[PDB]
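The next block holds one structure in the form of C-alpha cells; read it before the comments.
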Amino acid sequence: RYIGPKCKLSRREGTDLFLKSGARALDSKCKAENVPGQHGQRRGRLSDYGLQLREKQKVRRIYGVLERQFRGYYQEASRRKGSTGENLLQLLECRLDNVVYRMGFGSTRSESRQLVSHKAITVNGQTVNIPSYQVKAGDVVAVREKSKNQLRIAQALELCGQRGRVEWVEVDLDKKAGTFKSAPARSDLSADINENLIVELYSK
Amino acid sequence: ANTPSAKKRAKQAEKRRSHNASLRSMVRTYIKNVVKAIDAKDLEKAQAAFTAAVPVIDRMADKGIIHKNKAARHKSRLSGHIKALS
Amino acid sequence: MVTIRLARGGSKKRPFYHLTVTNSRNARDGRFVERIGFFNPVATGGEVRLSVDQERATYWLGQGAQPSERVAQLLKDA
Amino acid sequence: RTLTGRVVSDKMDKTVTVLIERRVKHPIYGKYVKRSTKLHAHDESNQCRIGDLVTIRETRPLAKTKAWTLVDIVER
RNA sequence: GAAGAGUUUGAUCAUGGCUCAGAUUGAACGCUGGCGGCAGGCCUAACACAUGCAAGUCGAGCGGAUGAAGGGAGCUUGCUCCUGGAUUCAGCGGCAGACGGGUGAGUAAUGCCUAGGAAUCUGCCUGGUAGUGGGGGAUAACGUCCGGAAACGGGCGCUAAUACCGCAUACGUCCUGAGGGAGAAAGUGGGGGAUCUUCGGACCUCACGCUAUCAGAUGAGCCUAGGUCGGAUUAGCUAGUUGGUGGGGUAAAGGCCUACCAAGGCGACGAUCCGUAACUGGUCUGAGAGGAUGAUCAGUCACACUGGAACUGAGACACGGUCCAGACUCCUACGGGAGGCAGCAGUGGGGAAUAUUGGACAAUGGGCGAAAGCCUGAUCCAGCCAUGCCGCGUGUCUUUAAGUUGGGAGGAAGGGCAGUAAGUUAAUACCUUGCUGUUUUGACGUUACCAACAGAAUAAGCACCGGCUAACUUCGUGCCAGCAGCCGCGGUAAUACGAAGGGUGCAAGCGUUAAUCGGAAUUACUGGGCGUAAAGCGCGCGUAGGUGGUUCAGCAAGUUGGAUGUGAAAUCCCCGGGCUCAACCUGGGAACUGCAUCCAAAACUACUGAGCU
C-alpha cells in the first residue's frame with residue numbers, strides 16, 4: 001500500500017491510473033500539466049532503462065504492491081512455463097486487491113484493499129482478510145452480512161457501465177455478491193503497460 | 001559431586017572385582033600346572049592334572065566371569081600338545 | 001529394544017508423526033530403522049490420517065518389535 | 001572376485017606383492033590415467049617369480065597388510 | 001540455459017590488472033520500530049566457574065526398621081499389655097547409569113564417504129529346543145567401641161535372600177571330535193477342591209522371574225579397494241619395521257603380544273617430515289563445469305580440567321564412575337576432608353557480537369515396575385532479540401491488528417472400576433489376561449478461534465539526487481571546511497562539500513563495514529597464452545612417463561548397452577494437501593550425472609601373437 005496525497009502521482013505517467021477520490025473525474029482539478037519532482041520545468045533524455053524503471057514504477061504504484069511483494073511475482077513467471085510477461089499480470093488479476101474493484105464493490109483499490117482487511121470480502125463461505133488471495137477459476141465472491149448497509153458500497157455501483165464492463169464476471173447486484181469466472185489473457189487489460197519490458201529490468 | 005545411585009555401585013563394583021580376581025586366578029594356576037606338566041614331559045601326572053582343570057575352566061565360563069570360548073581354546077591348546085607327548 | 005513409535009515431525013503446535021521403527025538406542029527423530037506410513041491428528045479436508053501399510057508392519061511384529069503404548073491403539077483403528 | 005596384477009617382488013617366503021594396474025579417468029581433466037595399485041598376495045607354496053601374472057581372492061586377513069591369497073598362475 | 005560498465009592515451013588498437021552493478025550470513029555496527037506464524041540465536045576463551053537442577057527406579061526379589069485401623073481384656077474411655085496390618089524407605093540386591101544431552105579440542109588416515117568381505121559377540125526383544133532339584137559358607141542394616149566439631153573413616157560381634165559357592169542333573173552347547181570327559185538355574189506374588197497335615201506348606205494353576213542352546217531381528221567389532229589439505233625452500237623413510245613357524249593372547253582374523261629364523265617392507269601415481277582441519281548427506285554463488293563450504297537438521301567419528309590406567313558390566317577403557325599422576329580451586333575446629341557446567345539456566349572474562357537461576361511430564365520417547373505409576377533442563381512448550389523468513393498493519397464515513405467482554409474446537413492414546421464375553425484351565429472352578437458397552441477422571445503452553453464494543457483515538461522511517469542510473473533551483477562555505485566505490489568535487493553564480501527547499505529508491509526497515517561466489521576466458525578440462533606486451537631452458541644424450549606407422553586373429557582392462565542392489569531419511573525439483581494467505585508443513589514421485597557385481601558387443605586403445613615396409 002502507498003499512502004498520503006495522491007494528486008501528485010497522477011502527473012508522472014500521463015495515464016488516469018484508476019487512482020481517484022470521487023465519482024466524476026481525475027486530474028481535472030489537481031493541475032496535471034507538468035512533470036514534477038525536484039525541478040521539472042524542462043524534460044530531456046527519456047530513454048530505455050529509466051523508462052523500464054518508469055514502467056515497473058507505474059505498475060508498482062497501481063496495484064498496492066511493494067518490491068518485497070512484486071519481484072517475488074517475477075519469481076513465479078520463471079516458475080511459470082512460457083510467456084512470462086502476461087503471466088505476471090495473471091496473479092495481479094487473481095489478486096483480490098484489484099478484483100473487488102474489477103467487480104466494483106469499492107470506489108477504487110484504495111477502498112478495495114481496505115475493506116477486505118475490515119472483514120468484508122469472503123471467498124467461499126470462509127473468512128479471508130488478506131489483499132493477496134489467489135482466486136481460482138470458479139469460486140463465488142460474496143460480502144460478509146454486516147457490511148451490506150454500508151452505503152459507500154452503494155457509492156461504487158454507479159461506475160459499472162461508466163468505467164466500462166470488464167466482460168469476465170457474472171455478478172448479482174441485489175445480493176452484493178459476485179463470481180470470478182476465468183483468468184484473463186492479454187486482451188482483457190489496459191494498453192498502457194509493456195509486459196515483456198518490465199521483464200528486462202531484472203538483469204540490470 | 002556424585003550420586004548415591006553411583007556411590008552404591010562404588011562398593012558393588014570393587015567388592016565384586018575382588019571376588020572376580022580370585023576365581024580368575026583360580027583358573028590360570030590350573031593351566032600353569034598343566035603347562036608345568038608338559039614342560040616336565042611326564043604324561044603320567046599330566047593326564048591327571050588337566051582333568052582336574054577342565055571342571056574349573058568351564059565352570060568359571062558358565063557363570064560369566066570369563067567367556068565360554070576362552071575355555072574352548074584352552075581345552076584345545078593343552079590337549080593338542082599332551083598328544084604330542086607320544 | 002526394537003520399537004514402533006510415534007516421532008514428532010511438523011511444527012510447534014503442528015504435530016506430524018512418522019511412525020518410525022526405531023531401536024530405543026537413538027533419539028525419537030534420528031536413526032530410524034524404517035519409516036512405515038505417517039500420522040496427522042490435525043487432519044482436515046483432503047489430508048489422509050495414517051498411511052499404515054501392513055505389508056511391512058507384519059515384519060517387525062514378526063521379527064519382534066513392539067508398539068509403545070499408543071501405537072497399539074492406532075492399529076486398533078482398522 | 002578377480003583381481004589381476006604382475007609380480008614385482010618375490011624374495012620372501014609365502015608372500016608376494018603384485019602391481020594390479022588399471023587405467024581410469026581423471027574427474028575434472030577427462031584424460032584416462034593409469035593408477036597402479038600394489039597389493040600383497042599370500043602364496044601357499046611360493047611358486048611365483050618376478051614378472052609372472054596371477055589372480056587373487058579375498059578372505060580373512062593372512063597378516064598385517066595382507067588379506068588376499070593366491071588362486072592360480074594364469075600366465076608367465 | 002550465460003547481459004556488463006567505468007578506468008592507461010592527444011586520440012587509437014591490443015595485451016593486461018584495478019574499481020563497480022548483483023545475490024547472499026549464525027551476523028554485527030548506525031538509525032527507527034506496530035503485529036502475527038514458523039524459525040534461529042558464543043562464529044571469540046576445549047577460559048575459570050558461586051548457586052539450584054540435568055537418572056532414580058523397585059517392598060509383588062530378600063533380611064531388618066514404624067505401627068494406619070478394627071475387634072476385645074483391665075483401669076474407665078485419658079492410657080498402654082496385646083491382637084493386627086495400612087504404610088512408608090536410609091542399608092543389601094536386580095536393572096539402568098555405555099541412552100538421551102553437549103562440544104569440535106585432537107586426527108592427513110583407516111577417521112569419514114562409496115562399494116564390497118567374514119573370522120564375532122549382543123542384556124531386555126521374538127520363535128522354538130531342554131530345564132527351575134537339593135544343599136553350604138558369608139555378609140550389610142543392626143549392636144557398640146575407637147578417631148573426628150562435623151564430614152567420614154575401621155575393630156570385633158549378630159541375620160537374610162531373585163547376593164554367593166559347591167553337589168545333583170545335560171535335548172543342544174565345548175574339548176577330544178575314535179571312545180570319553182566336562183559344566184547349569186532362584187525364587188516371589190494373584191489364586192485353588194480331593195488325599196498329607198499348622199487343605200501356613202505340599203501338589204494344581206496361570207503371571208513376573210531364572211537357566212542351558214539354536215535360528216532371527218536389533219545393535220556393536222574387525223578386514224580389503226577407492227577417493228579424501230597445503231608445501232620438495234621436506235627425498236629418503238623404516239627394525240617389530242616386512243614376511244616365516246613354534247607358542248602366547250583377543251568375543252572374534254591379525255607382529256596384536258612373543259621368542260628365534262631370513263632381509264625384506266614403503267616411496268616421485270609424492271613416501272617420511274611440516275603446517276592445517278572432524279568428515280558426509282549437504283550448503284552458498286554459478287549457464288553449467290565448478291568454486292567456496294560444514295552454524296540449526298540427520299548419519300558416522302571424537303572428547304569430557306590434562307595425562308595414564310583398568311574395573312564392573314551384555315555393552316565403557318564410563319561426561320553428573322573408581323584408581324593414579326599433574327595443574328587448579330575450596331572447607332578446616334589443623335584432626336582430616338572435598339570439587340571438575342564442552343548438561344540446562346546463570347556468572348565473570350574475552351570479544352564487533354548472541355537469550356530465562358522459567359512451566360509441566362498433558363503429547364512423544366526412554367529408565368526401572370506384575371500393574372499403579374516414579375524420575376528426565378531429552379522433550380513438549382514458554383520469556384528474551386526485528387536475527388532472518390513470510391504475512392500484516394499506520395485510515396477512503398468502515399474497525400483489521402492491538403485492547404475490553406462474551407463465547408470456543410484440536411492437542412486424550414488410555415488409566416481407574418464392575419459388570420459383560422472369551423482361552424489357556426485338570427477344574428472357562430478361581431486367579432491372570434485380551435476383548436466389548438457404561439460410568440469416574442487427567443492439558444504445561446489457556447489458548448488459537450468466533451462474535452460484540454469505543455473511535456481514525458495507539459503506528460514511518462531511512463538513505464542518497466556530479467555520473468553509466470533520465471531521483472537532478474538556490475542558501476551557507478571558498479585549494480577552507482569536507483565528501484567519495486571508480487572518475488573526481490571544493491582554488492567565489494558549487495547539480496559532487498555542509499543545511500534548508502523538493503524528489504526518489506522500498507519500506508519497520510533503510511543503509512555501510514565485513515566475508516563468500518559471480519562478471520573474471522583474471523589459472524581458460526569445457527575455455528587462454530609465449531618474434532617484439534609477462535613468457536622458449538643455450539642446446540643435447542636420454543630414465544620414469546605421455547602418446548605411438550602398418551594387417552589379420554584373439555583378449556575384453558578403458559570404451560558401449562541393458563539387468564539388479566543401492567546411492568539412507570532430510571534438503572532440493574514438480575504435482576499437490578493444510579494453516580483464511582504466504583512462509584512453513586508434509587503426501588506422492590522426480591532427482592541423486594555415483595559404486596561394484598552380472599551377461600551381451602568387438603570399430604577403436606592398451607595388452608597378446610604372427611607379420612607388412
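No lab work stands behind these numbers, since they all come straight from the coordinates. For neighbour counting, all protein chains shown are included, and Cβ atoms are generated from backbone atoms with ideal geometry for every residue, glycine included.
Summary of computed values
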{"read-out": "Qualifying residue in the range A:92-106 (condition: exposed (fewer than 15 other Cβ atoms within 10 Å of the Cβ), farther than 23 Å from A:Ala25 by Cα and away from chain C (no Cβ under 14 Å))", "value": "no"}
{"read-out": "Given (1) near RNA strand E (Cβ under 6 Å from one of its atoms); (2) among the β-branched types (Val, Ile, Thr); (3) in a helix (DSSP H, G or I), index of the condition C:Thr58 fails", "value": "(1)"}
{"read-out": "Search result, residues across the range A:53-67 that are part of a helix (DSSP H, G or I) and either more than 16 Å from A:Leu201 (Cβ to Cβ) or within 14 Å of another protein chain (Cβ to nearest Cβ) (or both)", "value": "A:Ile62"}
{"read-out": "Subset of the range A:164-182 (residues that are farther than 18 Å from A:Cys94 by Cα and part of a loop (DSSP other than H, G, I, E, B))", "value": "A:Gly164, A:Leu173, A:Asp174, A:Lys175, A:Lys176"}
{"read-out": "Residue count, the range C:11-41 (criterion: part of a loop (DSSP other than H, G, I, E, B) and closer than 16 Å to C:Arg70 by Cβ)", "value": "11"}
{"read-out": "Of the criteria (1) under 30 Å from A:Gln150 (Cα atoms); (2) within 12 Å of RNA strand E (Cβ to nearest atom), which one A:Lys81 fails", "value": "(1)"}
{"read-out": "The range D:52-67 residues that are in contact (Cβ under 8 Å) with a residue 40 or more places away in the chain and more than 6 Å from RNA strand E (Cβ to nearest atom), paired with ones that are part of a strand (DSSP E or B) and of a type in the set (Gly, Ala, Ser) (beta carbon under 9 Å, 6 or more apart)", "value": "D:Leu53/D:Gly5; D:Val54/D:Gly5; D:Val54/D:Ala41; D:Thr55/D:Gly5; D:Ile56/D:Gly5; D:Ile56/D:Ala41"}
{"read-out": "Only listed residue being away from chain C (no Cβ under 14 Å), assigned to a loop (DSSP other than H, G, I, E, B) and over 19 Å from the mean Cα position of the chain (by Cα), chosen from A:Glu158, A:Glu145", "value": "A:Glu145"}
{"read-out": "Residue tally, condition small (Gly, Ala, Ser) and part of a loop (DSSP other than H, G, I, E, B), over the range A:92-121", "value": "4"}
{"read-out": "Residue in the range A:113-124 that is surrounded by 16 or more Cβ atoms within 10 Å (Cβ to Cβ), farther than 27 Å from A:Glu195 by Cα and touching a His at 6+ places or on another chain (Cβ under 8 Å) present", "value": "no"}
{"read-out": "Subset of the range D:21-41 (residues that are near RNA strand E (Cβ under 8 Å from one of its atoms) and either in contact with an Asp or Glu (Cβ under 9 Å, 6 or more places away or on another chain) or within 20 Å of D:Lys64 (Cα to Cα) (or both))", "value": "D:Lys34, D:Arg35, D:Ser36, D:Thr37, D:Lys38, D:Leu39, D:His40"}
{"read-out": "Selection from the range C:42-52 of residues that are of a type outside the set (A, V, I, L, M) and either more than 11 Å from the chain's Cα centre (by Cα) or not in a loop (DSSP other than H, G, I, E, B) (or both)", "value": "C:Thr44, C:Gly45, C:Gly46, C:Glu47, C:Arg49"}
{"read-out": "Selection from the range C:25-78 of residues that are small (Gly, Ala, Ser), free of Cβ contacts under 8 Å to residues at least 40 places away in the same chain and more than 14 Å from chain A (Cβ to nearest Cβ)", "value": "C:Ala27, C:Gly30, C:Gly37, C:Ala43, C:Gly46, C:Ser51, C:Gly62, C:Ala72, C:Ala78"}
{"read-out": "In the range D:1-19, the residues that are under 18 Å from D:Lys64 (Cβ atoms) and near RNA strand E (Cβ under 8 Å from one of its atoms)", "value": "D:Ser9, D:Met12, D:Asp13, D:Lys14, D:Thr15, D:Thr17"}
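A quick yes/no check of all residues on (1) over 22 Å from C:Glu55 (Cα atoms); (2) in contact with a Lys or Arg (Cβ under 9 Å, 6 or more places away or on another chain); (3) surrounded by 12 or more Cβ atoms within 10 Å (Cβ to Cβ):
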residue: C:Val2; (1), (2), (3): no, no, yes
residue: C:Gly10; (1), (2), (3): yes, no, yes
residue: C:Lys13; (1), (2), (3): yes, no, no
residue: C:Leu19; (1), (2), (3): no, yes, yes
residue: C:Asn23; (1), (2), (3): no, yes, yes
residue: C:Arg28; (1), (2), (3): yes, yes, yes
residue: C:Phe32; (1), (2), (3): no, yes, yes
residue: C:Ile36; (1), (2), (3): no, yes, yes
residue: C:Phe39; (1), (2), (3): no, yes, yes
